[PDB]
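K.L.:
What follows is a structure written as structure tokens; I'll ask about it next.
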Amino acid sequence: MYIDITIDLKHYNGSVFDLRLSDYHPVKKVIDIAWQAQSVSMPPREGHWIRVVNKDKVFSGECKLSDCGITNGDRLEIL
Amino acid sequence: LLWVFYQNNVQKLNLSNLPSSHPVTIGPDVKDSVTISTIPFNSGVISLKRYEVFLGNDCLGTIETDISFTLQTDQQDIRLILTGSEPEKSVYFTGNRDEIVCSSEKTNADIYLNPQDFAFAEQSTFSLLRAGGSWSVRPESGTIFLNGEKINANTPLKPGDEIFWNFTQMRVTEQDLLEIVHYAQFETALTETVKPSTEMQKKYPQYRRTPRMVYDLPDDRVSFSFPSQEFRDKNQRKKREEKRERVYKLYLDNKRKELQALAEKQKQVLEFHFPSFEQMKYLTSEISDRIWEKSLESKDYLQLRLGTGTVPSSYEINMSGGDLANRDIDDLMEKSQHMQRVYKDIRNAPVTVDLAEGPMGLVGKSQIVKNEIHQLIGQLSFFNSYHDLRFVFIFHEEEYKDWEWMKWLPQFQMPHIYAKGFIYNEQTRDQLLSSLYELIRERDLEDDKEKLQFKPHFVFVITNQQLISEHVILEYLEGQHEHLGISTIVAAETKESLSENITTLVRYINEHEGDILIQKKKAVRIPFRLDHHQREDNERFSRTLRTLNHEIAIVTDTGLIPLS
Amino acid sequence: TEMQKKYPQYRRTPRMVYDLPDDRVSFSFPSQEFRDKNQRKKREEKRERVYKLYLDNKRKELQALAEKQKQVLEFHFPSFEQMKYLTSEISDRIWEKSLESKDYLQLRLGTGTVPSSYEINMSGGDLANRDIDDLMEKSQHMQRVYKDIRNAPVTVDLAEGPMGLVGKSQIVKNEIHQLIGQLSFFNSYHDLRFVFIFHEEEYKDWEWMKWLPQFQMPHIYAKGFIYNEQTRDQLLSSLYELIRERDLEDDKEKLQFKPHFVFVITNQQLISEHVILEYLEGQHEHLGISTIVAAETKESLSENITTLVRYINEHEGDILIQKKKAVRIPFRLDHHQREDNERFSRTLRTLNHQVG
Amino acid sequence: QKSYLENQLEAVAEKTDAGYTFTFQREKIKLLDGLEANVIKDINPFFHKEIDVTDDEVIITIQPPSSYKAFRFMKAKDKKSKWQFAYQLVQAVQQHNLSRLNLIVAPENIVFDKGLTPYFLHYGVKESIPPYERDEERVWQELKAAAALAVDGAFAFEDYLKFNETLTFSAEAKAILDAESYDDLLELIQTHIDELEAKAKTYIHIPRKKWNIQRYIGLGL
Amino acid sequence: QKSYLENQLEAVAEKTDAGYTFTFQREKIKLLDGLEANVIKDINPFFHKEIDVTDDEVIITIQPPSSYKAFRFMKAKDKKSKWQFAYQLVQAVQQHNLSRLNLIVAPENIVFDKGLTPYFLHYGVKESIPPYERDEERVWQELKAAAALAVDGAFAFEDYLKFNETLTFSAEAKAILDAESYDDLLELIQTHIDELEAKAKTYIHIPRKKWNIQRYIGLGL
């Protein structure tokens, strides 16, 4: 299954864009893809944590996106 | 669960989800089950099998439950701890409390964790503090891990953060409900409770309609009447009038009670049927069962609330009684006349207009109408499923940062081409409107036009200086083909700008006042007052409405861009 | 009874009928308000006594209409226990109704308050500019009293569309016994048939319905119970084909089909993906079907519901929706026992109904 | 006959030596687990409370200390104390801070102590028991109505609430009913209390028995 | 001279048109940042409060509405009001709940409404500014003296607090200063209030002019 989500990089070279990706990917792969897209500098903060802005919740960098419930329309603010 | 501890960080992993064919690995590559970037792993890659510990080609022994195994590499230390049990869940209510002290060293703490009761308990202490409606953390000894990183100084706590301490996880939620997950036992003194819930919140990712509840307006007739008749001498005169007074007082009380009941019923029904925008936000927050309650089969869809004012009553009052002209207006006459006016009209009730009767117009200074269109769009969106209603919107390029929040709603998604509903410039216009006009043409060219109801009902909103003044599609937007499931709204600063075929018109006078002045193609006038409004919560509302269910590439307003 | 002479056989006889009272009652007040004793104070007695006599004559009347209404209402909808009794001895009231009649598929739910069918009218009026007194206040008292009846049976219809029962599972499951019991008496097995869905764990409680005559399917030899996947896959397909072949004819709204099916559902999971759900959820009432559904709360029901009933506790309940309107009518529950069901069902099973 | 509460909460309420009690049928409320009602125990500490949850209904028991009285007894006291109590009620409503408990105001649901400060018995728990949502306009209306009974007390409670537009109340009740904001109401009460504090200084209080002599001894002569 | 508060807190305090002010020496407190003091704003929200920091001193200012008045003004009123004010003060002290704010009770630090409810101006902080420890013995010692001085007095607030052996104190002073718990003090006050409630009915009210007229008539012989 495919979903469409919004990613925020306000901490690292503030920018905003949206991705379409297959559901079964893990969280860290999203971070890797984002880094590939923007070619941003510095490695990410250890642990690859992320925050779902429109739910007030936090997940570690080991979820499978289908598992902890990240469906269409949610905003992912990268810590 | 398998924990991993290295310098100033702690990570977590679950092993039950894989067969033994996959060797658990710890290394630098993302492909590895656990990723570390600061440690080069120059000697080799750590791995497990069964547990058996192997550093590349080297063997270091085994691991057993409820005991720590340490190993060294690259002049740094790493731990490994394994557990297979599952934790408990509990909730506590803080209330008026101003501080919460947690410790395993002192028995006076509110939450006491005896060090002996667990194999890996460690001496520590910390406290939570509140100030100005916000929570904060303050370590005092031992160690604390926040979001997976150690901390050493007073820090404010944000809504979703998670604290880790002695294999215990603590979370906070505004309104001050404290949640804990633990593999342990601890004493406590706080009040225990549970969160409220329903069925819909439990089925949250899925949604399905429910039976509707409808009320009928109070239809009734009432009757009324008012008086018409105009020692020796002392007893003769007064007592008759006294009897008159008593009897008429009783009669008036009865009628007053009846009229009060009827008026209250009508007010209640009108308030129930048309809630304001803030109420829609609040209902959407809790996932009420009223979302998307209407449908094409119903009659009262495409009906909007504009404000509050004065409305006529729906129950007749037969004030005729006896003929008043017989004699002069007495005190009883005056009381009856005074009561006659009050219950004729209800006050502070919704004023409603309909859109299904043809094109609608708006007139007034630009800024106020611009600030107002939000109410109408939100109200229309709350009551209709995206299987039935789709929008199209036109506006000025400069105003984009104010109109952005609507792009995430579901109804704005086109049905036949993957593109958004907005329009900025000539390129997007020529991209979209041509296809829309072609699609509408087929609707026009068919015999079953009158019989069928085309499924997606397009609602056009136009607010821009006409960049569309010469396009073909204007042939249909002129408003004579309303059976094609199309509707329109327009805005301008003066009446002359609009067309002559309008069937409803509104006008805003100032910050708080307005009135209708055309309806059903006839001249009319009713004043009304605008509602209080807020515009900073829209993003959450739209995103929440996006989720309900009823290859890699980037996505933009006008197509898809494959990644690399 | 005389019918016992024919016990091996049974045949219908002319039905009885009644009607409600609907007259209008009026009011009238054509009057207002050492030698004194014998001359005028003796005439005061004559002036006054007549109006007390008139008031009592009026009071004698409304009670007769109230009694008539009550008598007919308690004759048309007898309770379930009275039906057990009327079946213990073979009455001629067995299988009264037929598909032509309009009142079939009507059910009694309990006892409560009902508005009067007759009309009370205050024609006198003139309550202002008048020295109203006792002879006028008795009119108000009578109007207050005789405008309604107390302890009358509350009725609900099922032919309009699907119903819905809400409340704790124990009570709602208890009441289906009573509803099916009521339905099973007025209609013959030549016209009505059943289909039931429930959990396999409760097979002992429902066993008594196993022997009713109506539960035998008409098309193919089988018993209309559904336990689990095996029986569901064995039966539902043929019923689907039966509904389909009927739906394919163009006379679906001008003629009628004799065997009429009534579904009772209390376990949706066992059929949650089957094809028949299309014909059950959709608006196909004219095909000759019906439906009753029970569940925990409102949120577990579809959009087709027209009537909703809610049970609160062991004694009371109230209605919520009738004809899609919002209403609120309370009612109290009957009392019955479960032990005799075997004899009632078995006695019904034996009465062979001879046609023509 | 039903109090103003029953028509809204659909709950019976009486007085017993065990303390005031309330009862809700389970189907009439959205509660699912009895643990949800535990929050009530923290709002007011020294009123002994208790909660019970049967499969049929929910029962709440409140037992205030001995010296607390019901509302209706206030009628026997003089004017100045009535004004002071009316002033107290407004401040009591104003300072409600907890965000999870809601208010319902009525003379049936108030008790006052020797200091003339009221205390509410029943409270609503958000999204669990009837008084679901903090609707402040309703509270404003009820408070405005209830002050009059303490100050004037001519009619029943509903009379000052529903049929206000038609009847002709006294001057004091009319003046109170006109207030538009909390500060206006407090300012209104201030002037009235000052008037009484000033007027009383003109009088003297004498033992009635001695004055009974003084007024009649001078006769015959 | 120095007030009881003055020596306990070592501060400088004054009253001016900008409201009450307190000053501390930065060298005599444990305050580190200054932003720690923000907690003061979370009590009595309807007051106006402000805090500023300098390397040498720290200054706190509070300004209540215009209707409130200082403590010394209580001496004018009657005895029933004084008893009720003492009862209010005790019941208010007994209800303090927070942990990070400490109470100190004294005649310089109290204000009251027109409804006779008291309020406290200045609070300590747990770590930064004094008093640091949430003690109880001294609080009780201060409360007894405060009530004793409120009901009556021919002595300063120091005398009751420090000693009972100095002079021949009235019966009420001896009774109030000898109580074992809050409930006992409340019981001691309730009966006194009820006795005065009972007494009033034996009197009658007459304006001065009529009594003067009657005196003239009596003297006219």
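A quick note on method: Cβ atoms are made from the backbone with ideal geometry, for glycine too, and the neighbour counts reach across all protein chains shown. Computed from the coordinates by the stated procedures, all read-outs in this text should not be read as laboratory data.
K.L.:
From the helices alone, meaning DSSP H stretches of at least four residues, give me the mean residue ellipticity at 222 nm for chain B, per-run term -39500 (n - 2.57), in deg cm²/dmol to the nearest 500. If you can, show how the numbers build up before the last one.
P.N.:
Working: 9 runs with 120 residues, N = 564.
Mean residue ellipticity, 222 nm, calculated: -7000 deg cm²/dmol.
K.L.:
Among the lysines, which have Cα under 18 Å from the Cα of B:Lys344 when same-chain residues fewer than 8 positions away are ignored?
P.N.:
B:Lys255, B:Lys257, B:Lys265, B:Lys267, B:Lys335, D:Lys162
K.L.:
Okay, next question. What do you get for the angle between helix E:137-151 and the principal long axis of chain E? Use alpha-carbon atoms, 0 to 90 degrees, nearest ten.
P.N.:
Value to nearest ten degrees: 30.
K.L.:
Taking amide H positions as placed in the peptide plane 1.01 Å from N, state which residues far from D:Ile110 in sequence (5 or more) or on other chains have amide H under 5 Å from it.
P.N.:
Counting only residues 5 or more places away or on other chains, the set is D:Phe71.
K.L.:
What's the tally of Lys pairs in region C:155-342 whose alpha-carbon atoms lie under 23 angstrom apart, where the two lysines are 8 or more places apart or on different chains?
P.N.:
13
K.L.:
Let me ask something else about it. Between region C:1-31 and region B:142-188, what's the alpha-carbon centroid distance in Å?
P.N.:
Using only Cα atoms, the two centres lie 77 Å from each other.
K.L.:
Could you tally up the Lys pairs in region D:1-97 with alpha carbons closer than 16 Å? Skip any pair fewer than 8 positions apart unless they're on separate chains. Intermediate values should be presented prior to the final figure.
P.N.:
On the way: D:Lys2/D:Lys15; D:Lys15/D:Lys49; D:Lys15/D:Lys69; D:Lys41/D:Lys49; D:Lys69/D:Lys77; D:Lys69/D:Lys82.
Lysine pairs, 8 or more places apart or on different chains, close enough: 6.
K.L.:
Given region C:1-99, what count of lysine pairs have C-alpha atoms under 20 Å apart, with each pair 8 or more places apart or on different chains?
P.N.:
For region C:1-99, qualifying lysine pairs total 10.
K.L.:
Summing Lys, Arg as +1 and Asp, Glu as -1, what charge do residues with Cβ under 13 Å from the Cβ of D:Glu133 carry, D:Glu133 excluded? Please report the intermediate quantities before stating the final value.
P.N.:
Numbers: positive: D:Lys30, D:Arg100, D:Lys126, D:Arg134, D:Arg138; negative: B:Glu278, B:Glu286, D:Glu127, D:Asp135, D:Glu136, D:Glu137.
Overall, the nearby charge balance is -1.
K.L.:
Continuing with this model, one more query. 5 Å is the cut-off here: which amide hydrogens, built 1.01 Å from N in the peptide plane, fall below it relative to D:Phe24, excluding neighbours closer than 5 in sequence?
P.N.:
D:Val58
K.L.:
Taking the label point as lying 7 angstrom from Cα along the Cα-to-Cβ axis, what are the distances from E:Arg208 to the corresponding position in the remaining copies, in ascending order and in nanometres?
P.N.:
2.5
K.L.:
To the nearest 10 degrees, how steeply does helix A:27-38 sit against the main Cα axis of chain A, on a 0 to 90 scale?
P.N.:
Rounded to the nearest ten degrees, it is 40.
K.L.:
Let me ask another. Under 14 Å between alpha carbons, and skipping anything fewer than 8 positions from C:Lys147 in its own chain: which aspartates and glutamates qualify?
P.N.:
In chain and number order, the partners are C:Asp22, C:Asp23, C:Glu61, C:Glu67, C:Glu119.
K.L.:
Still on this model: What does the highest-first list of C:203-211, C:186-194 look like by mean Cβ count within 10 Å?
P.N.:
Result, highest mean first: C:186-194, C:203-211.
K.L.:
Something else about it: Using only Cα atoms and rounding to the nearest 10 degrees, what angle (0 to 90) does helix E:182-199 make with the longest principal axis of chain E?
P.N.:
So the inclination is approximately 30 degrees.
K.L.:
Which residue fluctuates the most in chain A, going by a Gaussian network model with Cα springs under 10 Å, if the choices are A:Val52, A:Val40, A:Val30?
P.N.:
A:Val40
K.L.:
Same structure again: Shape verdict for the protein assembly as shown, please, from the Cα gyration tensor: rounded (a/c under 1.5), prolate (a/b greater than b/c) or oblate. Don't jump to the answer; show the numbers that get you there.
P.N.:
On the way: a/c = 1.58, a/b = 1.01, b/c = 1.56.
Oblate is the answer for the protein assembly as shown, as a/c is 1.5 or above yet b/c matches or exceeds a/b.
K.L.:
Evaluate the relative contact order of region E:66-201 (contact order divided by residue number), counting alpha-carbon pairs under 8 angstrom at least 6 apart; express in whole percent. Working shown, then result.
P.N.:
Numbers: 132 pairs, mean separation 34.7, N = 136.
Contact order relative to length: 26 percent.
K.L.:
Give the average, rounded to an integer, of partner chain Cβ atoms located within 10 angstrom of each Cβ in B:191-202. Don't skip to the end; give the middle numbers.
P.N.:
Values: counts 5, 3, 11, 8, 5, 9, 5, 5, 6, 1, 0, 1.
That works out to 5 on average.
K.L.:
Nearest 20 debye, what's the magnitude of the dipole of the protein assembly as shown about its Cα centre given +1 on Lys and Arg Cβ and -1 on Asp and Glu Cβ? Before the final figure, lay out each step's value.
P.N.:
Details: 188 positive and 224 negative charges, 1572 e Å.
The dipole magnitude comes to about 7560 debye.
K.L.:
Per-residue ellipticity at 222 nm for chain E, helices alone: DSSP H runs ≥ 4 residues times -39500 (n - 2.57), over residue total, nearest 500 deg cm²/dmol? Numbers along the way, then the final one.
P.N.:
Details: 7 runs with 79 residues, N = 221.
After summing the helix terms and dividing by the residues of chain E, the value is -11000 deg cm²/dmol.
K.L.:
Show me the chymotrypsin sites (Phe, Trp or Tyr not before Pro) within region D:46-108 that DSSP assigns to loop and that have at most 15 other Cβ atoms within 10 Å of their Cβ.
P.N.:
Numbers: sites: D:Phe46, D:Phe47, D:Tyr68, D:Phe71, D:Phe73, D:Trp83, D:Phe85, D:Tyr87; in loops: D:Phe46, D:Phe47, D:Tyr68.
Taking region D:46-108 and a limit of 15 other Cβ atoms within 10 Å, the loop chymotrypsin sites (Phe, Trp or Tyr not before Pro) found are D:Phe46, D:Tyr68.
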